[PDB]
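S.K.: This is the structure I want to talk about, given as structure tokens.
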Amino acid sequence: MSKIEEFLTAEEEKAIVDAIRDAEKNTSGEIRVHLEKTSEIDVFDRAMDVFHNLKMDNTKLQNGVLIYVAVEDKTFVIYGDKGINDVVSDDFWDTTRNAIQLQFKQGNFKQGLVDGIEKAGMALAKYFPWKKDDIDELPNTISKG
């Protein structure tokens, strides 16, 4: 809070990263978060350039998700790859935004992102159930601008 150099302490980032690792064992899709301060153009186009710049489309099922959050304006954008978008609808995405939006609205960025990942993993698991041979295409480390 007072320190703006680090949005979350190692204890805070440690718990959210662990949540992502557990989701990769519940579904073959991949969820990743990118945190930056403010942009100079549009966040939707900016997240698309960063998502492709980071090669997050390098997945066999094309089911990777990048969460772009602007802590300067307290906003968040969710962009999944063509694989998640082609298999789920806006209604399947609506629960994702309500969980992150409700926690962000309270001021707790970590609880919103962690709870959003949990709901996303169970919802995604319905479309892609975890198989014993499931492979982890993406890491769980948080991305920062």
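S.K.: How big is the chain in terms of Cα radius of gyration and Dmax, in angstroms?
M.R.: Final numbers for Rg and Dmax: 14.5, 45 Å.
S.K.: Under 5 Å between amide H atoms, partner at least 5 residues away or on a different chain: which partners does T75 have, H built in plane at 1.01 Å?
M.R.: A70
S.K.: Let me ask something else. Evaluate the relative contact order of segment 1-121 (contact order divided by residue number), counting alpha-carbon pairs under 8 angstrom at least 6 apart; express in whole percent.
M.R.: Averaging sequence separation for qualifying contacts and normalising by length gives 26 percent for segment 1-121.
S.K.: While we're here: Given the rule -39500 (n - 2.57) for each run of at least 4 DSSP H residues, summed and divided by the residues of the chain, what is its mean residue ellipticity at 222 nm, to the nearest 500 deg cm²/dmol?
M.R.: -15000 deg cm²/dmol
S.K.: Please list, in order along segment 35-47, the HN-Hα scalar couplings obtained from phi with the Karplus expression 6.51 cos²θ - 1.76 cosθ + 1.60 (θ = phi - 60°), rounded to whole Hz, x for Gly and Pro.
M.R.: My calculation for segment 35-47 gives 10, 9, 7, 9, 10, 10, 10, 10, 5, 4, 6, 4, 5 Hz in order.
S.K.: Keeping to pairs on different chains or 8 or more places apart, tell me how many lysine pairs in segment 6-104 have Cα atoms under 29 Å apart.
M.R.: Value for segment 6-104: 15.
S.K.: Listed highest first by mean packing, meaning other Cβ atoms within 10 Å per residue, what order do 126-135, 78-87, 26-35, 55-64 come in?
M.R.: 26-35, 78-87, 55-64, 126-135
We place every Cβ from the backbone using ideal geometry, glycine too, and count neighbours over all the protein chains shown. Values in this text are rule-based calculations from the coordinates and carry no lab data.
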